[PDB]
Amino acid sequence: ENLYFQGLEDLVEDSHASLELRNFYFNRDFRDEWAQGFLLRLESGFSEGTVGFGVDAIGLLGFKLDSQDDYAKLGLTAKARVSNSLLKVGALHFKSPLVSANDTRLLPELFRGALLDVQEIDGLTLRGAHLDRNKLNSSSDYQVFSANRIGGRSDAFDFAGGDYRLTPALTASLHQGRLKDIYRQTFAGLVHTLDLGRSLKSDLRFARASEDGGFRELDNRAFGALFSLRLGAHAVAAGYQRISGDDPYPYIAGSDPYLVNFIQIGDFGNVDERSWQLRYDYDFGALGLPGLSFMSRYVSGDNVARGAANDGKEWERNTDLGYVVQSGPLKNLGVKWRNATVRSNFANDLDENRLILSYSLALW
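Letter by letter, the sequence shown follows residues -8 to 22, 31 to 66, 86 to 215, 218 to 384 in the entry's author numbering.
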């Protein structure tokens, strides 16, 4: 009676829910898809007690329009909290150096598994996960994993990692993971944030991977550095990335790699690839146009392995223009245009346009 009945009420009492509408148009021109999506998110409260329990749900629905994102899926996530720690089991969507779920299409990628987040020690976040399925952004069904470019088949991704604030400005990270029967990978990172009150973020990354289990021998290293300068409404970033070893940068296929020069289309993670990035952002708020945004970036890669040579080269430009309605009936309605051009001597030259209309409504 009592505590159990009350627990079920408390799950609802402290719950919240939202509905997102997305209209997505995509075109690729080599030197076409329109779809509508709905995303219903429910997050329960927790039952009272030292250990609190809850449940989240995500409802996804997509269909193609005339002018594979044609599915419906409901995913549940059981959760438990104690002190400042949280366990989620079921449908997962999160970002971390060794595994990050994608959401740059119509409907999000989901993983099936368990994710633990422990924040009991001052300045220290410890995370770990066991994942056993990948639901690609464009499909309804959970499937087993493979690695980007490298292939393979795996039914387990495991990682643990810590992000530690050594000082208020400096955070050190170490994450270690395994895509079972394909690869092992470890990531170290150091991120320094200098606020001049005007700011400079310095983001250094290094990851090494080797084979796991009976998989063929694998050797990859990836160094990245990204320096992000904010100057009022302006932002400028400069990035450098170096891939080395016999193999390209491994990550779960369908998901996002934690590479500083991973942009709209390319990851710049090819064998031996050296690349640099320049990025500019302007926030129109100060000018008096608060919903408006502009970003443009350019990444140039060389040294890419082409057989026994290293004369592979590619570049990619991206430009994002966006507006979010600030007031009136259509407040929160957003439109984003993402335009990309890729030119390469080892892959397909491509131009891509995305147009995304989005609207989110808080239900309660």
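From the three backbone atoms N, C-alpha and C, an ideal C-beta is built for every residue, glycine too.
Fill in: Same chain, Cβ closer than 8 Å to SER103, neighbours up to 5 away in sequence not counted
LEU134, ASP135, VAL136, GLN137, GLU138
Worksheet item: Which residue or residues does DSSP assign as beta-bridge partners of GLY169?
Response: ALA165
Worksheet item: Would a C-beta distance cut-off of 8 Å place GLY61 and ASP55 closer than the cut-off?
Response: no
Worksheet item: Would you say the region 229 to 242 touches the region 301 to 310, given that touching needs at least three Cβ pairs under 8 Å?
Response: no
Discussion item. For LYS63 and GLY215, I'd like the C-alpha separation in whole angstroms.
Written reply: 47 Å
Item to complete: Per DSSP, which residues does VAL107 bridge with? Please list them.
Response: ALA96, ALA132
Practice prompt. For my contact list, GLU127 and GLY274 are in at a C-beta cut-off of 8 Å; report their separation, rounded to the angstrom.
Written response: 6 Å
Discussion item. According to DSSP, simplified to helix, strand and coil, what is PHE(-4)?
Written reply: helix
Worksheet item: Does the distance from the CB of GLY289 to the CB of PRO277 come in under 8 Å?
Response: yes
Worksheet entry | Straight-line gap, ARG337 to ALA367 (C-alpha atoms, nearest Å) | 16 Å
Worksheet item: What residue range is occupied by the uninterrupted beta strand (DSSP E) comprising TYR318?
Response: 312 to 326
Worksheet item: Considering only the beta carbon of each residue, do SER347 and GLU11 sit closer than 8 Å?
Response: no
Fill in: Residue closest to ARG196, alpha-carbon to alpha-carbon, out of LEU370, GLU231, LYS356
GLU231
Worksheet item: Which residue from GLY259, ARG202, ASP150, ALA187 puts its Cα closest to that of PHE235?
Response: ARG202
Worksheet entry | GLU32 - partner residues in DSSP beta bridges | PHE17
Worksheet item: Leaving out five residues before and five after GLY141 in sequence, what residues of the same chain have Cβ atoms less than 7 Å from its Cβ?
Response: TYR182, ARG183
Item to complete: State yes or no: is the C-beta of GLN284 within less than 8 Å of the C-beta of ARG358?
Response: yes
Practice prompt. Measure the alpha-carbon distance for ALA329 versus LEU41 and round it to whole angstroms.
Written response: 53 Å
Discussion item. Between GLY44 and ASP5, how many whole angstroms is the CB-CB distance? I'm expecting something under 8 Å.
Written reply: 2 Å
Item to complete: Return the residue from the list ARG262, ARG228, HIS254, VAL209 that minimises the CA-CA distance to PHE247.
Response: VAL209
Worksheet item: Going straight from the alpha carbon of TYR89 to that of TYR160, what length do you get?
Response: 13 Å
Discussion item. Measuring alpha carbon to alpha carbon, tell me which residue in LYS153, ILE168, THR189, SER101 is nearest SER118.
Written reply: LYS153
Worksheet item: For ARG167, which of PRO268, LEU220, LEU249, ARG130 has the nearest alpha-carbon?
Response: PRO268
Fill in: Assigned exposure category for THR95 - 16 Cβ within 10 Å defines buried
buried
Discussion item. Out of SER313, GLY311, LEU312, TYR318, which one is the CA nearest neighbour of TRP296?
Written reply: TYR318
Worksheet item: Under 7 Å from any heavy atom of the ligand ZN, does the C-beta of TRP357 make it?
Response: As far as ligands go, the structure on display features none, and thus does not contain the ligand ZN.
Worksheet item: By the 10 Å Cβ neighbour count, where 16 or more other Cβ atoms means buried, how is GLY308 classified, buried or exposed?
Response: exposed
Worksheet item: Which residues bound the beta strand (DSSP E) around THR122?
Response: From DSSP, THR122 is part of no beta strand (DSSP E); its letter is neither H nor E.
Discussion item. Considering only DSSP beta bridges, list what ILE376 is partnered with.
Written reply: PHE15, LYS356
Item to complete: Quick one: give me the first and last residue of the beta strand (DSSP E) that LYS333 is part of.
Response: 329 to 344
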